[PDB]
Colleague: 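Pasting a structure below so you can have a look.
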Amino acid sequence: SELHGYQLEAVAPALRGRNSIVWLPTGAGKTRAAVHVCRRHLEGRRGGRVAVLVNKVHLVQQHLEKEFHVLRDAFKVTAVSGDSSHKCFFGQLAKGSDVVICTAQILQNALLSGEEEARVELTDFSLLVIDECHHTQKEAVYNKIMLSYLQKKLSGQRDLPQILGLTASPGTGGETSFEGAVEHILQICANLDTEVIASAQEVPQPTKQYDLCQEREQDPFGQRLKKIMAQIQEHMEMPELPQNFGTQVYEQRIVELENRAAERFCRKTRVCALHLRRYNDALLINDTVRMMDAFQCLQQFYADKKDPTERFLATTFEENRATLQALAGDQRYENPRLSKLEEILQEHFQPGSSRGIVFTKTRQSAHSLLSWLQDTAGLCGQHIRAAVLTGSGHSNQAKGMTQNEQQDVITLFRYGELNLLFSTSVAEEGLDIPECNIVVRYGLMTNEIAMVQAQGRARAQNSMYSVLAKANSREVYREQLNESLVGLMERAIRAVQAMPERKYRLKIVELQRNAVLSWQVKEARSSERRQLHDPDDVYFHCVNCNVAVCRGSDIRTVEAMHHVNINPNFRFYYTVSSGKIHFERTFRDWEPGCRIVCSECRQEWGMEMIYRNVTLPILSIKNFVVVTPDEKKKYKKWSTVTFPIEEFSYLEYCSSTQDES
RNA sequence: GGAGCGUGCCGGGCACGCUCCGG
Ligand SMILES: Nc1ncnc2c1ncn2[C@@H]1O[C@H](COP(=O)(O)OP(=O)(O)O)[C@@H](O)[C@H]1O
Ligand code: ALF
Ligand SMILES: [Mg+2]
Ligand SMILES: [Zn+2]
């Protein structure tokens with residue numbers, strides 16, 4: 001299959017060496033077009049080196065095996081893999097290759113590197129191909145790489161690589177006016193240093209349907225959770241507490257209350273707020289999947305549990321546990337979201353032939369939908385072979401899927417060994433399954449880019465796209481708005497394409513200049529906030545029992561990421577709990593040791609890091625209240641702390657530790 | 001499981017997600 005006319009046309013500017021964005025519909029074959037650009041680019045001058053940037057782990061392998069491998073007749077093409085069992089540094093890999101395919105953060109790491117073997121410059125490439133280039137916005141890695149490109153361009157750096165952006169959907173960036181949308185397109189062009197947006201000016205699409213579901217007539221499971229939540233809030237004895245149970249707003253307010261209580265050391269308020277968040281999580285789960293999924297959320301929280309507040313809460317759950325379980329087994333109170341999804345799958349998987357992705361928000365939700373499908377008698381004998389697909393995201397609630405684990409599911413899905421995926425947003429862009437003919441979006445609240453992309457996974461002739469949402473909801477509204485935003489985005493792109501060259505050029509220079517200036521201001525602002533306090537005047541307190549445990553001056557950063565306490569006497573404040581934590585990925589310089597906890601109350605603090613031949617405690621900031629002479633604050637991220645932290649030195653630490661004994 | 005980022009949401013937060021951690 002040689003290139004279609006539209007492909008050749010879309011890459012004509014790139015073939016003349018112009019920076020461009022190729023804007024072609026989902027599944028139009030932007031990738032093969034880009035490969036052709038790389039072939040002629042590399043042919044047209046020796047010494048050329050191409051970087052192909054992607055934004056999902058599995059796209060590295062997909063792009064190699066289905067497209068970029070054809071360049072191996074004449075050129076060396078390397079796909080970066082986190083699973084290589086002969087690992088070297090990026091610079092070595094890239095400098096010894098004609099084409100390097102990697103996730104963008106791999107390149108950004110190399111572009112910022114200290115060590116000489118790993119270091120790379122933008123000038124070491126003659127072409128950057130940026131897949132799904134609509135992510136080249138704000139502080140995403142695509143935009144960090146390109147902001148550096150702009151800085152260099154504006155200072156008169158020469159032989160910067162050519163830029164080839166690929167996307168189906170620049171988006172409108174929240175803008176709902178023509179003027180706004182046009183400005184957003186220009187901002188994307190500015191970010192990517194685009195000379196021309198090239199399209200097919202001179203690919204089937206699915207029939208779309210709204211599968212609306214009504215609120216549950218009777219929800220005694222949810223009602224009972226709400227009654228319990230009211231009881232806990234009465235026990236807290238506080239006026240003006242929120243009543244809007246089962247909402248993300250209540251979730252926010254109750255965690256904010258939890259944080260204020262942590263900051264003032266209000267133990268009873270904080271612990272009750274903690275548990276209330278869990279009950280609220282259960283309501284959200286109840287509204288999204290099965291009652292029993294919501295029950296298991298609460299049950300696992302209380303199974304792993306003295307203090308009279310915490311025993312009041314244990315007692316309160318125990319008093320309702322059996323009733324909650326029995327209600328959860330009752331077919332009468334089934335989730336209409338799930339009934340609707342059953343109808344859809346019953347209709348489209350009769351007779352095997354259908355090849356579907358059901359998109360859901362959370363990793364947990366994907367797993368719960370699979371279990372639901374496997375427990376649903378109405379869907380048996382339909383030859384539905386389903387699996388979960390998630391990305392590499394990870395949390396206590398739900399672990400991720402590694403590169404290989406993702407690839408295993410995708411490869412079986414490709415020819416129908418599996419015929420249905422329950423997927424997170426990991427598979428909304430880029431994934432190419434020619435036989436996929438059904439996409440269902442299950443109660444999602446996304447922008448128009450995610451809508452267009454997810455729809456686009458249905459590659460087949462006569463594909464179907466279903467919006468499964470609650471009737472009269474914000475989800476339905478946002479889907480309808482998003483549809484109009486696609487049309488508006490298209491209008492905006494056409495206006496930028498027809499813009500007088502001189503007016504376009506002046507506008508790009510202006511946006512680029514403002515971008516590089518705004519970055520400098522943001523950087524200076526971040527530095528000032530970081531220098532507000534002497535580290536010696538910052539104390540860390542255990543969030544549970546409020547005991548003082550270390551100071552800011554005890555903290556160092558290992559590998560510009562991991563915040564460790566280097567004080568030899570800090571070991572008297574934490575206790576190591578048995579059980580080595582195991583990650584799937586093994587690192588070069590370290591592995592995780594055991595979890596650490598507060599030695600005076602057993603509150604979780606973080607974990608051991610076995611860094612070369614020493615063991616260092618990593619402190620997770622969320623388990624502490626940070627106290628300065630001005631305020632007490634609960635932090636989510638280390639990056640918002642207002643004292644400076646020095647980089648860890650291994651040599652200096654080893655030297656100082658071998659003094660006492 | 002630490003970090004980076006994004007999306008949704010609320011008047012700087014909340015939630016979720018993806019990515020990085022020798023490729
Ligand atoms: N000229 C062509 N002839 C036949 N098939 C093609 C051609 N160009 C691309 N394809 C195929 O079309 C499918 C979609 O291409 P892909 O690059 O994933 O689309 P996107 O533009 O969304 O990245 C792939 O299976 C690809 O191999
Ligand atoms: F790049 Al696409 F669907 F637009 F994989
Ligand atoms: Mg693609
Ligand atoms: Zn403690």
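Sequence lines set the chain letters: A, B, ... in the order given, protein chains first and strands last, and positions in each chain run from 1. We use all heavy atoms of the structure for the numbers below, so side chains are in, but hydrogens, waters and symmetry mates are not.
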Colleague: What class does the angle between the rings of A:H63 and A:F68 fall in, given that below 30° is parallel, 30 to 60° is tilted and above 60° is perpendicular?
Modeller: tilted
Colleague: Do A:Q300 and A:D304 have side-chain atoms, one donor and one acceptor, less than 3.5 Å apart?
Modeller: no
Colleague: Ignoring hydrogens and geometry, is there a side-chain-to-backbone donor-acceptor pair from A:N335 to A:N286 under 3.5 Å?
Modeller: yes
Colleague: Should B:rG6 form a Watson-Crick or G-U wobble pair with both distances under 3.5 Å, which nucleotide is its partner?
Modeller: B:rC16
Colleague: Below 4.0 angstrom from OP1 or OP2 of B:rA15, is there any side-chain N or O of A:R253?
Modeller: no
Colleague: Of the candidate nucleotides B:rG2, B:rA15, B:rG13, which contains the atom at the shortest distance from the side chain of A:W638?
Modeller: B:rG2
Colleague: To the nearest Å, how far apart are A:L257 CG and B:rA15 P?
Modeller: 13 Å
Colleague: Does OH in A:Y650 sit with more than 12 non-hydrogen atoms of other residues, nucleotides or ligands closer than 6.0 Å?
Modeller: yes
Colleague: In whole Å, what is the span from the NZ atom of A:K580 to the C1' atom of B:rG1?
Modeller: 15 Å
Colleague: What does nucleotides 18-23 of chain B look like as a protein-contact string, B for base, S for sugar-phosphate only, - for none, at under 4.0 angstrom between heavy atoms?
Modeller: BBSBBB
Colleague: Remember a base hit wins even if backbone is also touched, and classify A:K634 as base, sugar-phosphate or nothing at under 4.0 Å, heavy atoms.
Modeller: nothing
Colleague: So what does A:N259 touch, heavy atoms closer than 4.0 Å: a base, only the sugar-phosphate, or nothing?
Modeller: sugar-phosphate
Colleague: Could you check how far CG of A:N244 sits from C1' of B:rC10, rounded to whole Å?
Modeller: 11 Å
Colleague: If we call a positive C1'-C2'-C3'-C4' torsion north and a negative one south, what is the sugar of B:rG11?
Modeller: south
Colleague: Within the structure, does a side-chain N or O atom of A:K138 lie under 4.0 Å from either OP1 or OP2 of B:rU7?
Modeller: yes
Colleague: Is it true that the side chains of A:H134 and A:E429 contain a donor and an acceptor less than 3.5 Å apart?
Modeller: yes
Colleague: Base, sugar-phosphate alone, or nothing: which one does A:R595 contact when heavy atoms must sit under 4.0 Å apart?
Modeller: nothing
Colleague: When you look at CD of A:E646, are more than 12 heavy atoms from neighbouring residues, nucleotides or ligands closer to it than 6.0 Å?
Modeller: no
Colleague: Applying ring-ring contact (aromatic ring centres under 6.0 Å, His included), run through A:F540 and A:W605 and close with a yes or a no.
Modeller: CA-CA 11 Å; A:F540 287 70; A:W605 281 4; 9.9 Å; no
Colleague: Heavy atoms only, 4.0 Å cut-off, all strands: where does A:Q397 land among base, sugar-phosphate and nothing?
Modeller: sugar-phosphate
